[PDB]
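S.K.: model this:
(chains A and B, ligands or ions: 1)
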Amino acid sequence: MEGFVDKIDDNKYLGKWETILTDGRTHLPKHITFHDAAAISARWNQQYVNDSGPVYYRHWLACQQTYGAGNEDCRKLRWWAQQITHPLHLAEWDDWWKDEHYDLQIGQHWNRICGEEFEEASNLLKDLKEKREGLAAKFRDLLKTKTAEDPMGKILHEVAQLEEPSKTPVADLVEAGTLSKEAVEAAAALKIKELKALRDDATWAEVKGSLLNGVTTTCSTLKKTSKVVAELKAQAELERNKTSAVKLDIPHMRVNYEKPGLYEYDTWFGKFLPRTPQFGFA
Amino acid sequence: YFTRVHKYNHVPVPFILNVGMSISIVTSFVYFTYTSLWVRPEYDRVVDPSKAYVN
Ligand SMILES: CCCCCCCCCCCC(=O)OC[C@H](COP(=O)([O-])O)OC(=O)CCCCCCCCCCC
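M.R.: Residues are numbered from 1 along each chain as shown, chains lettered A, B, ... in the order given. Pasting the structure now:
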């Protein structure tokens, strides 16, 4: 990963490095059993596996309705649902999901709302999404045009659109005429002055004084909300075995940096994923 | 007259034939059960934790 830049979020660049890094000659594991795969294969251990796909798809639905499809836990659940669910069921359920059938507020799946009311609400929600996405696309384009103005922005933009993922991208760019030693030196000067400012005691003290309030307020809030979250968790836990139904534990599974499983190994901790709306991409 | 009751028509087995048939059947069963359930070597497992690979 010598030449891999994590800040770059170009889909093409990430795809090139997905091809480089997840190649089977070096990434395929030999004689390895993953606990996640074993557990999923032990819960539904027969050939008839029609019952796993619905459960994992609904786990992802609840997770991404509570937190949105961009959350890393939601992405993990979506990856597993795709792995273990047959594409016929996935296609049908994705068609329903695109129609706001699984929405938590006005979706008929979770609510007893009649057809006409559901229709009008879903149309309103989809139009809202369309308008917001149009505005967001315009804003993203404008921000991307402005980013290239800055020295480092220009260098990263030129690195991203390089034809092949190289081990030494900046050297290749400066040795091919695409970038200029002068621009590289200017960017390095900007970075050096920023670094010196950060480690300067006086400027760092100024920054700390400027940012102390927000951090302190956030800490106070999320230390106060901890108790109430625990009380809610216990009260819901009283519902675990109240009836024959199964209670949800949103999120079902999270990204585990301490005990990585198959998802973390295959996607490099959620970095190389399909670039479809179900994963929170445009 | 019931001519098929146990008291009629008992033919003792000659000793040589008895011995031969008994030995033959015992050997057949022993050999087949041995080669079917005890000489199964394709169920071979190699315990070696140093053949795993992780990137
Ligand atoms: C067409 C038929 C094919 C199916 C095979 C059936 C073979 C049956 C042979 C039985 C002979 C017999 O009468 O058994 C009685 C004797 C004991 O002698 P006694 O008590 O009658 O004096 O007991 C013995 O002599 C011991 C021998 C029994 C071994 C079983 C037979 C082995 C042959 C297998 C052929 C495939």
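S.K.: Pick out the residue of the stretch 101-250 of chain A closest to the ligand.
M.R.: Taking CB to the nearest ligand atom as the measure, the stretch 101-250 of chain A has residue A:244 as its residue closest to the ligand, at 57.5 Å. Every residue, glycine included, has its C-beta placed from N, CA and C.
S.K.: Give me the secondary structure label for that residue.
M.R.: Secondary structure, DSSP: H, G, I helix; E, B strand; the rest coil: residue A:244 is coil.
S.K.: Can you get me a residue count around it?
M.R.: Each residue near residue A:244 was counted by other CB atoms under 10 Å in any protein chain shown, and the total is 5.
S.K.: for it, phi and psi?
M.R.: The phi and psi torsions at residue A:244 (degrees, to the nearest 10) take the values phi -80, psi -10.
S.K.: sec struct for residue A:272, please.
M.R.: Put simply, residue A:272 is coil when judged by three-state DSSP.
S.K.: how close does the nearest residue to it once chain neighbours are set aside get to residue A:7?
M.R.: Nearest residue to residue A:272, sequence neighbours excluded (CB to CB, 6 or more residues apart in numbering or on different chains): residue A:18, at 4.0 Å. Per CB to CB, to the nearest Å, residue A:18 is found 17 Å from residue A:7.
S.K.: same thing with residue A:261?
M.R.: As judged by CB to CB, residue A:261 and residue A:7 stand 26 Å apart.
S.K.: Among the two, which residue is more densely surrounded?
M.R.: Ranked by neighbour count (other CB under 10 Å), residue A:261 and residue A:7 place residue A:261 first, with 18 against 7.
S.K.: Would you mind listing the residues in contact with residue A:100?
M.R.: The contact partners of residue A:100, taken as CB atoms under 8 Å, 6 or more residues apart in numbering or on different chains, are A:106-107, A:121-122, A:125-126.
S.K.: now residue A:81
M.R.: Applying CB under 8 Å, 6+ apart, we find residue A:81 in contact with A:53, A:56-57, A:59-60, A:90.
S.K.: Rebuild those as TSV, extending it with distance to residue A:46, secondary structure and neighbour count.
M.R.: Shown next, in TSV, are these (distance: CB to CB, whole Å; DSSP: H, G, I helix; E, B strand; the rest coil; neighbours: other CB atoms under 10 Å in any protein chain shown):
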residue	distance to residue A:46	secondary structure	neighbour count
A:53	14	helix	20
A:56	17	helix	21
A:57	19	helix	22
A:59	21	helix	23
A:60	23	helix	27
A:90	21	helix	16
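S.K.: from these, which two are the most distant?
M.R.: Pairwise distances across the contacts of residue A:81 peak at 14.1 Å for A:59 and A:90 (criterion: CB to CB).
S.K.: Roughly how far does the residue lying closest to residue A:2 once chain neighbours are set aside sit from residue A:161?
M.R.: Spatially, and ignoring its direct neighbours in sequence, residue A:2 is nearest to residue A:167 (5.0 Å; CB to CB, 6+ apart). Applying CB to CB, the value for residue A:167 to residue A:161 is 17 Å.
S.K.: what sits against residue A:155?
M.R.: Contacts of residue A:155 by CB under 8 Å, 6+ apart are A:170, A:173, A:179, A:183-184, A:187.
S.K.: rerun that using 10 Å as the cut-off
M.R.: A:148, A:169-170, A:173-174, A:179, A:183-184, A:186-188 (CB atoms under 10 Å, 6 or more residues apart in numbering or on different chains).
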